[PDB]
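Reviewing the structure listed below.
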Amino acid sequence: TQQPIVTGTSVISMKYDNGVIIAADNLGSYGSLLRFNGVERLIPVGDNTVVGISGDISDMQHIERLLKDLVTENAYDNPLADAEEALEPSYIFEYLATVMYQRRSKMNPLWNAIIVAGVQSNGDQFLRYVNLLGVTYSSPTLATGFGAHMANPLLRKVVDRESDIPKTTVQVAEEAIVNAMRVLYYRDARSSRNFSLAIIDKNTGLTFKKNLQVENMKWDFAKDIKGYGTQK
Amino acid sequence: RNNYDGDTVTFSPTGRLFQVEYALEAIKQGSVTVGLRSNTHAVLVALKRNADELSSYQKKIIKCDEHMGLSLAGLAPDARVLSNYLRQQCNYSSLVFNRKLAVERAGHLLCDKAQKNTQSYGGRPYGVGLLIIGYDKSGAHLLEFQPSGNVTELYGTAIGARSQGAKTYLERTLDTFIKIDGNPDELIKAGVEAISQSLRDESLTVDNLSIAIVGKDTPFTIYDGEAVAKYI
């Protein structure tokens, strides 16, 4: 029975009208020590999905290899596979849902919180959760780990329910994920300034933006705090 | 010579094995079927044969899954096995990958299934020919499975006894049934013609015809008895 040794914390995601955003800090925290820098959570799979993986970096690597063999699996025995039996986010999710459970049943849990975000080739927004209790649910907005408690309410203003999707656009959604990051940077210890942010659209395709920096920086209110409660 | 036909682990000087050609013959010894298809529907029409007229036929269509199904030609003991495994692969895809299994890949696992007993001593190449029809993402398909394991994507083919006359009906009219779409009845009309040329010393009955159809919005359905009396 594995325990987390090194862990990623927080992937945030949301739905918008023509596709989805998935984003996460880049960090492999070895507990209290911020051990590893430049660790990349977001792995493109096929070209219409990004799967983000938080939790044990040790389990992550293993999941990365399984994901790469799923792409390779689709090529094998197919005359083509870029629109014939092209790899959808949903197929990937189902392949993962089964293995996390199977492993849970053998009592060696893949210790992860996973969000699969993508778009289908049917025009359908896909965004769904799986984790190491093998629990699954579909929801319009998702977040894992610390970020569930913290950042997910904030996105829930932007989209509460599934009839405010057509009234939210790509510039606005992008804006909301970055303000969500700012907040994870401030108020979470295993969150770095470094972050990656991927936009999968069914029209624009994959945009993977790497090494963005938190901005809109508030620290200039800090000189007016003097003492702990009573101190002149 | 033919002292070499008693083992399937022995080759001939003419670069054959004898057991595999003999397994080919075994198809012919059984009933007759004609497959043909259109871009938005796939159809098998198969002759049911009975032992005597108190005997009430043999079911020649085995429904695989709700997007695939197949007909048999040759020995029945053999067919029940091959069918079972194939159904198992369609249910595996539906559970673990949330997919309707492609006709092309499914046919290809069967080719691999055939070679497992060909190589190993004991067991035999199977003595039944299968025509698999299905409707996936890449639309309608008709595959011709062979004892050898040669799998052939075709617009129309026929196997069994005196099946060369169906291929002559299908060859003349090849381009005509490709152009039919949206009308299942008319693919059935073409099939009914086809299986007429195959017969010798017989005439079609409401219980000789067994007509099997899968298409775009129609799942796999097997018509029998009083559902084949609109096209008798």
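Identifiers in the structure tokens: chain A, B, ... in order shown; residue index from 1 per chain; ligand index from 1 in order shown.
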Per residue of chain B within 7 Å of chain A, what are the shortest atom pair and its distance in Å to one decimal, counting only C-alpha atoms, with rows by chain and residue number, as JSON lines?
```
{"residue": "B:96", "atom": "CA", "partner": "A:95", "partner_atom": "CA", "distance": 5.6}
{"residue": "B:97", "atom": "CA", "partner": "A:91", "partner_atom": "CA", "distance": 5.1}
{"residue": "B:98", "atom": "CA", "partner": "A:91", "partner_atom": "CA", "distance": 6.0}
{"residue": "B:105", "atom": "CA", "partner": "A:77", "partner_atom": "CA", "distance": 6.2}
{"residue": "B:137", "atom": "CA", "partner": "A:85", "partner_atom": "CA", "distance": 6.6}
{"residue": "B:138", "atom": "CA", "partner": "A:84", "partner_atom": "CA", "distance": 5.5}
```
What does the file look like for those residues with C-alpha atoms, as a PDB file, in the first residue's frame?
```
ATOM      1  CA  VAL B  96     -13.578  -0.389 -20.768  1.00  0.00           C
ATOM      2  CA  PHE B  97     -13.326   2.039 -23.786  1.00  0.00           C
ATOM      3  CA  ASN B  98     -16.966   3.236 -24.130  1.00  0.00           C
ATOM      4  CA  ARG B 105     -10.081  -4.356 -35.981  1.00  0.00           C
ATOM      5  CA  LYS B 137     -17.906   5.531 -36.842  1.00  0.00           C
ATOM      6  CA  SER B 138     -16.490   4.931 -40.250  1.00  0.00           C
TER       7      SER B 138
END
```
Could you name the residues that touch stretch 157-163 of chain B at 6 Å or less, counting only C-alpha atoms, but leaving out those on the same chain fewer than 5 positions away, as a list in words?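 With the cut-off at 6 Å, the set is residues 27, 28, 31, 32, 33, 34, 35, 73 and 198 of chain B.
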Alpha helix (DSSP H) residues, from DSSP on the backbone, in stretch 3-198 of chain B, as an MDAnalysis selection string: chainID B and resid 18:28 76:97 103:119 164:172 174:179 184:198
Take the residues from that selection and write them out as a PDB file, in the first residue's frame, keeping C-alpha atoms.
```
ATOM      1  CA  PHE B  18      -3.391 -29.590 -46.720  1.00  0.00           C
ATOM      2  CA  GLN B  19      -5.553 -29.174 -43.567  1.00  0.00           C
ATOM      3  CA  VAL B  20      -6.110 -25.431 -44.223  1.00  0.00           C
ATOM      4  CA  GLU B  21      -7.415 -25.988 -47.865  1.00  0.00           C
ATOM      5  CA  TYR B  22      -9.627 -28.799 -46.502  1.00  0.00           C
ATOM      6  CA  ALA B  23     -11.012 -26.449 -43.870  1.00  0.00           C
ATOM      7  CA  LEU B  24     -11.880 -24.147 -46.831  1.00  0.00           C
ATOM      8  CA  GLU B  25     -13.864 -26.970 -48.421  1.00  0.00           C
ATOM      9  CA  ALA B  26     -15.833 -27.485 -45.226  1.00  0.00           C
ATOM     10  CA  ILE B  27     -17.675 -24.097 -45.767  1.00  0.00           C
ATOM     11  CA  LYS B  28     -19.065 -25.186 -49.091  1.00  0.00           C
ATOM     12  CA  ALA B  76     -21.939 -25.030 -36.694  1.00  0.00           C
ATOM     13  CA  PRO B  77     -19.819 -26.392 -33.772  1.00  0.00           C
ATOM     14  CA  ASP B  78     -17.048 -24.167 -35.181  1.00  0.00           C
ATOM     15  CA  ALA B  79     -19.285 -21.082 -35.535  1.00  0.00           C
ATOM     16  CA  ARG B  80     -20.546 -21.005 -31.908  1.00  0.00           C
ATOM     17  CA  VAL B  81     -16.892 -20.641 -30.734  1.00  0.00           C
ATOM     18  CA  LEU B  82     -15.822 -17.970 -33.075  1.00  0.00           C
ATOM     19  CA  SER B  83     -18.910 -15.980 -32.407  1.00  0.00           C
ATOM     20  CA  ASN B  84     -18.474 -16.103 -28.671  1.00  0.00           C
ATOM     21  CA  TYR B  85     -15.058 -14.698 -28.656  1.00  0.00           C
ATOM     22  CA  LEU B  86     -16.121 -11.937 -31.011  1.00  0.00           C
ATOM     23  CA  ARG B  87     -19.020 -10.901 -28.835  1.00  0.00           C
ATOM     24  CA  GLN B  88     -16.618 -10.937 -25.898  1.00  0.00           C
ATOM     25  CA  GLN B  89     -14.344  -8.328 -27.685  1.00  0.00           C
ATOM     26  CA  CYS B  90     -17.448  -5.995 -28.527  1.00  0.00           C
ATOM     27  CA  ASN B  91     -18.620  -6.125 -24.779  1.00  0.00           C
ATOM     28  CA  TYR B  92     -14.967  -5.499 -23.638  1.00  0.00           C
ATOM     29  CA  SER B  93     -14.789  -2.360 -25.903  1.00  0.00           C
ATOM     30  CA  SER B  94     -18.192  -1.080 -24.634  1.00  0.00           C
ATOM     31  CA  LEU B  95     -17.243  -1.567 -20.924  1.00  0.00           C
ATOM     32  CA  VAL B  96     -13.578  -0.389 -20.768  1.00  0.00           C
ATOM     33  CA  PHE B  97     -13.326   2.039 -23.786  1.00  0.00           C
ATOM     34  CA  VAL B 103     -15.493  -3.882 -37.800  1.00  0.00           C
ATOM     35  CA  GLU B 104     -11.977  -3.826 -39.280  1.00  0.00           C
ATOM     36  CA  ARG B 105     -10.081  -4.356 -35.981  1.00  0.00           C
ATOM     37  CA  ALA B 106     -12.581  -6.978 -34.766  1.00  0.00           C
ATOM     38  CA  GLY B 107     -12.168  -8.939 -37.980  1.00  0.00           C
ATOM     39  CA  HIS B 108      -8.382  -8.652 -37.471  1.00  0.00           C
ATOM     40  CA  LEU B 109      -8.470 -10.187 -33.960  1.00  0.00           C
ATOM     41  CA  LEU B 110     -10.314 -13.176 -35.522  1.00  0.00           C
ATOM     42  CA  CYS B 111      -7.577 -13.567 -37.995  1.00  0.00           C
ATOM     43  CA  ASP B 112      -5.180 -13.717 -35.059  1.00  0.00           C
ATOM     44  CA  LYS B 113      -7.535 -16.150 -33.215  1.00  0.00           C
ATOM     45  CA  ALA B 114      -7.427 -18.484 -36.228  1.00  0.00           C
ATOM     46  CA  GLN B 115      -3.609 -18.720 -36.232  1.00  0.00           C
ATOM     47  CA  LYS B 116      -3.446 -19.781 -32.586  1.00  0.00           C
ATOM     48  CA  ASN B 117      -4.715 -23.298 -33.321  1.00  0.00           C
ATOM     49  CA  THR B 118      -2.976 -23.455 -36.754  1.00  0.00           C
ATOM     50  CA  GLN B 119       0.538 -23.198 -35.289  1.00  0.00           C
ATOM     51  CA  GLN B 164     -20.443 -18.233 -57.435  1.00  0.00           C
ATOM     52  CA  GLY B 165     -23.887 -17.279 -58.890  1.00  0.00           C
ATOM     53  CA  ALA B 166     -24.418 -14.629 -56.205  1.00  0.00           C
ATOM     54  CA  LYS B 167     -21.152 -13.068 -56.912  1.00  0.00           C
ATOM     55  CA  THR B 168     -22.173 -12.900 -60.592  1.00  0.00           C
ATOM     56  CA  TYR B 169     -25.465 -11.194 -59.562  1.00  0.00           C
ATOM     57  CA  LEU B 170     -23.467  -8.815 -57.301  1.00  0.00           C
ATOM     58  CA  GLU B 171     -20.636  -8.148 -59.821  1.00  0.00           C
ATOM     59  CA  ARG B 172     -23.042  -6.894 -62.593  1.00  0.00           C
ATOM     60  CA  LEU B 174     -21.919  -3.504 -58.154  1.00  0.00           C
ATOM     61  CA  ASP B 175     -22.171   0.272 -58.577  1.00  0.00           C
ATOM     62  CA  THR B 176     -25.944   0.325 -58.299  1.00  0.00           C
ATOM     63  CA  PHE B 177     -26.284  -0.801 -54.651  1.00  0.00           C
ATOM     64  CA  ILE B 178     -23.483   1.571 -53.490  1.00  0.00           C
ATOM     65  CA  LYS B 179     -25.570   4.454 -54.680  1.00  0.00           C
ATOM     66  CA  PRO B 184     -33.094  -0.447 -46.141  1.00  0.00           C
ATOM     67  CA  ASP B 185     -35.909  -2.143 -48.116  1.00  0.00           C
ATOM     68  CA  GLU B 186     -34.101  -1.739 -51.396  1.00  0.00           C
ATOM     69  CA  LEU B 187     -30.860  -3.330 -50.071  1.00  0.00           C
ATOM     70  CA  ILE B 188     -33.038  -6.212 -48.970  1.00  0.00           C
ATOM     71  CA  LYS B 189     -34.651  -6.379 -52.466  1.00  0.00           C
ATOM     72  CA  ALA B 190     -31.092  -6.702 -53.973  1.00  0.00           C
ATOM     73  CA  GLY B 191     -30.200  -9.452 -51.441  1.00  0.00           C
ATOM     74  CA  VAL B 192     -33.328 -11.457 -52.123  1.00  0.00           C
ATOM     75  CA  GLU B 193     -32.341 -11.533 -55.880  1.00  0.00           C
ATOM     76  CA  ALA B 194     -28.911 -12.583 -55.001  1.00  0.00           C
ATOM     77  CA  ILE B 195     -29.688 -15.523 -52.915  1.00  0.00           C
ATOM     78  CA  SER B 196     -32.078 -16.746 -55.687  1.00  0.00           C
ATOM     79  CA  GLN B 197     -29.202 -17.308 -58.093  1.00  0.00           C
ATOM     80  CA  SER B 198     -27.296 -19.371 -55.397  1.00  0.00           C
TER      81      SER B 198
END
```
May I have the residues within 7 Å of residue A:182 as number ranges by chain, using only C-alpha atoms and disregarding those fewer than 4 positions away in the same chain? A: 178, 186, 214
What does the distance between atom CA of residue A:56 and atom CA of residue A:2 come to in Å, to one decimal place? 9.6 Å
What's around residue A:9 at 7 Å? Count only C-alpha atoms, leave out sequence neighbours fewer than 5 positions away in its own chain, and write the answer as a VMD selection string. chain A and resid 54 to 55 145 to 146 190 to 191
Output N, CA and C atoms of each residue in that selection to a file, as a CSV table (one decimal), in the first residue's frame.
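Heads up, here's the output in out03.csv:
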```csv
chain,number,residue,atom,x,y,z
A,54,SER,N,-2.5,15.2,-11.1
A,54,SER,CA,-1.9,15.7,-9.9
A,54,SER,C,-1.8,14.5,-9.0
A,55,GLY,N,-1.2,14.6,-7.8
A,55,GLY,CA,-1.0,13.4,-6.9
A,55,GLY,C,0.5,13.0,-7.2
A,145,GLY,N,-7.8,18.3,-5.3
A,145,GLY,CA,-6.9,18.5,-4.2
A,145,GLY,C,-7.2,19.6,-3.3
A,146,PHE,N,-6.2,20.5,-3.1
A,146,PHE,CA,-6.4,21.8,-2.4
A,146,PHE,C,-7.4,22.7,-3.1
A,190,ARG,N,1.9,24.4,-1.8
A,190,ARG,CA,2.4,23.4,-2.8
A,190,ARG,C,1.9,23.8,-4.2
A,191,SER,N,2.0,25.1,-4.4
A,191,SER,CA,1.6,25.8,-5.5
A,191,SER,C,2.7,26.7,-5.8
```
Skip residue A:67 itself and residues of its chain fewer than 4 positions away, then list as a PyMOL selection string all residues within 10 Å of it, counting only C-alpha atoms. chain A and resi 43-46+51+61-63+71-73+92+95-96
Generate a file of the selected residues that holds N, CA, C and O atoms, formatted as a PDB file, in the first residue's frame.
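Final file, result13.pdb:
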```
ATOM      1  N   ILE A  43      -0.229  16.560 -20.090  1.00  0.00           N
ATOM      2  CA  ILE A  43       0.304  15.728 -21.130  1.00  0.00           C
ATOM      3  C   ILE A  43      -0.661  15.688 -22.231  1.00  0.00           C
ATOM      4  O   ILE A  43      -1.860  15.417 -21.997  1.00  0.00           O
ATOM      5  N   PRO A  44      -0.263  16.064 -23.414  1.00  0.00           N
ATOM      6  CA  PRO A  44      -1.185  16.021 -24.465  1.00  0.00           C
ATOM      7  C   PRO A  44      -1.291  14.521 -24.927  1.00  0.00           C
ATOM      8  O   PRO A  44      -0.271  13.831 -24.920  1.00  0.00           O
ATOM      9  N   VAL A  45      -2.488  14.014 -25.276  1.00  0.00           N
ATOM     10  CA  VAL A  45      -2.788  12.727 -25.572  1.00  0.00           C
ATOM     11  C   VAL A  45      -3.740  12.800 -26.740  1.00  0.00           C
ATOM     12  O   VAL A  45      -4.692  13.561 -26.776  1.00  0.00           O
ATOM     13  N   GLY A  46      -3.467  12.060 -27.819  1.00  0.00           N
ATOM     14  CA  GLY A  46      -4.014  12.322 -29.090  1.00  0.00           C
ATOM     15  C   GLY A  46      -3.663  13.725 -29.591  1.00  0.00           C
ATOM     16  O   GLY A  46      -2.524  13.999 -30.013  1.00  0.00           O
ATOM     17  N   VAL A  51      -4.706  15.504 -20.728  1.00  0.00           N
ATOM     18  CA  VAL A  51      -4.906  14.931 -19.433  1.00  0.00           C
ATOM     19  C   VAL A  51      -3.836  15.487 -18.483  1.00  0.00           C
ATOM     20  O   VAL A  51      -2.643  15.417 -18.646  1.00  0.00           O
ATOM     21  N   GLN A  61       4.061   9.088 -13.686  1.00  0.00           N
ATOM     22  CA  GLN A  61       4.984   8.684 -14.705  1.00  0.00           C
ATOM     23  C   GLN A  61       4.474   7.445 -15.380  1.00  0.00           C
ATOM     24  O   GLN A  61       4.563   7.291 -16.531  1.00  0.00           O
ATOM     25  N   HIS A  62       3.886   6.597 -14.513  1.00  0.00           N
ATOM     26  CA  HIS A  62       3.348   5.353 -14.932  1.00  0.00           C
ATOM     27  C   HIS A  62       2.115   5.432 -15.746  1.00  0.00           C
ATOM     28  O   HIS A  62       1.964   4.852 -16.815  1.00  0.00           O
ATOM     29  N   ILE A  63       1.223   6.368 -15.346  1.00  0.00           N
ATOM     30  CA  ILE A  63       0.093   6.795 -16.115  1.00  0.00           C
ATOM     31  C   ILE A  63       0.493   7.418 -17.403  1.00  0.00           C
ATOM     32  O   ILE A  63      -0.072   7.085 -18.432  1.00  0.00           O
ATOM     33  N   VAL A  71      -2.212   5.904 -27.510  1.00  0.00           N
ATOM     34  CA  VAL A  71      -2.078   6.610 -28.822  1.00  0.00           C
ATOM     35  C   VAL A  71      -1.583   5.662 -29.823  1.00  0.00           C
ATOM     36  O   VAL A  71      -2.091   5.628 -30.932  1.00  0.00           O
ATOM     37  N   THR A  72      -0.590   4.887 -29.447  1.00  0.00           N
ATOM     38  CA  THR A  72       0.100   3.892 -30.247  1.00  0.00           C
ATOM     39  C   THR A  72      -0.869   2.805 -30.529  1.00  0.00           C
ATOM     40  O   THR A  72      -0.887   2.289 -31.639  1.00  0.00           O
ATOM     41  N   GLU A  73      -1.725   2.504 -29.541  1.00  0.00           N
ATOM     42  CA  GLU A  73      -2.759   1.440 -29.767  1.00  0.00           C
ATOM     43  C   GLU A  73      -3.746   1.702 -30.815  1.00  0.00           C
ATOM     44  O   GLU A  73      -4.163   0.823 -31.517  1.00  0.00           O
ATOM     45  N   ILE A  92     -10.323   7.830 -23.592  1.00  0.00           N
ATOM     46  CA  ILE A  92      -9.132   7.938 -22.788  1.00  0.00           C
ATOM     47  C   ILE A  92      -9.577   7.821 -21.278  1.00  0.00           C
ATOM     48  O   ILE A  92      -9.051   7.043 -20.470  1.00  0.00           O
ATOM     49  N   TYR A  95     -10.712   4.353 -20.349  1.00  0.00           N
ATOM     50  CA  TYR A  95      -9.558   3.525 -20.247  1.00  0.00           C
ATOM     51  C   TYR A  95      -8.910   3.779 -18.923  1.00  0.00           C
ATOM     52  O   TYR A  95      -8.502   2.844 -18.273  1.00  0.00           O
ATOM     53  N   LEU A  96      -8.822   5.019 -18.423  1.00  0.00           N
ATOM     54  CA  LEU A  96      -8.308   5.358 -17.138  1.00  0.00           C
ATOM     55  C   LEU A  96      -9.165   5.019 -15.962  1.00  0.00           C
ATOM     56  O   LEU A  96      -8.614   4.612 -14.913  1.00  0.00           O
TER      57      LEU A  96
END
```
List as number ranges by chain the protein and nucleic acid residues near stretch 218-222 of chain B, meaning an atom at most 7 Å away when only C-alpha atoms are counted, but skip any in the same chain fewer than 4 places from it. B: 66-68, 211-214
When distances are computed from only C-alpha atoms, which of A:53, A:197, A:116, A:132 shows the smallest separation from residue A:180?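 Of the candidates, the smallest distance to residue A:180 is held by A:197.
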Considering only C-alpha atoms, return as a count of residues only whatever protein or nucleic-acid residues lie within 10 Å of residue B:50, sequence-local ones (same chain, fewer than 4 positions apart) excluded. 8
